[PDB]
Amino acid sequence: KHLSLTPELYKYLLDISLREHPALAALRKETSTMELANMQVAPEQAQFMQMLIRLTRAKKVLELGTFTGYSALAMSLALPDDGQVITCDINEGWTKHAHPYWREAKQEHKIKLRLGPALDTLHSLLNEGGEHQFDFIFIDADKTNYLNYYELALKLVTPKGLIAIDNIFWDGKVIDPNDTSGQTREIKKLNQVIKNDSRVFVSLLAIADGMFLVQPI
């Protein structure tokens, strides 16, 4: 039998485990209405990624996507004083900066925002800082470059480092044949590349829109 998560149970889950920092909760609550809040990682998704950072013993983290700045904050909160998180915001629509909350939580010095198309920001990061830089990489950028991002992330990650990729099941459109959009076309393609990939350890969690955890061997 498969676990059907209901609103009442999700409420319970959150209650017994969500240990959210005020600036986070505030950043979240102040952007709930915002349409951007949807592309935003879930409270426990982020707390899980914090666990991951501790288990990685990460010093440098990288993320990509259209952000409110919530996942970037949570990430540095789980990072040590000397650590650093590079958030890449590809969003070119409406936003509000997250730095006020970052300051309030004492993280703006650990968070390095990089605006613009994720692809460019990642090659720049390669050029500048070399290949094995990040102990933890999170991918939630535009789906139609997911193949490029995966490959790049493989060059940017630490041997013991980890990579997380969101929306593996594009809402169940990766199992829907009548969907013709290039976004669900790229996800399906990437899921195949990984399946047949001999280069990494792998595990997929049915928690978000599906989250893939890959680690080089």
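From 1 onward, residues are counted along the sequence shown.
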item: Which of 145 to 153 and 63 to 71 has higher mean CA B factor, as the PDB entry lists it; value: 145 to 153
item: Residue range whose averaged C-alpha B-factor is higher in the record, 155 to 163 or 28 to 36; value: 28 to 36
item: Ranked C-alpha temperature factor of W94 among modelled chain residues, by third; value: highest
item: Chain thirds of CA B-factor: placement of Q47; value: lowest
item: B-factor third for the C-alpha atom of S17 within its chain; value: lowest
item: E108, C-alpha B-factor rank within chain (lowest, middle or highest third); value: lowest
item: Modelled-residue ranking by C-alpha temperature factor, third containing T87; value: lowest
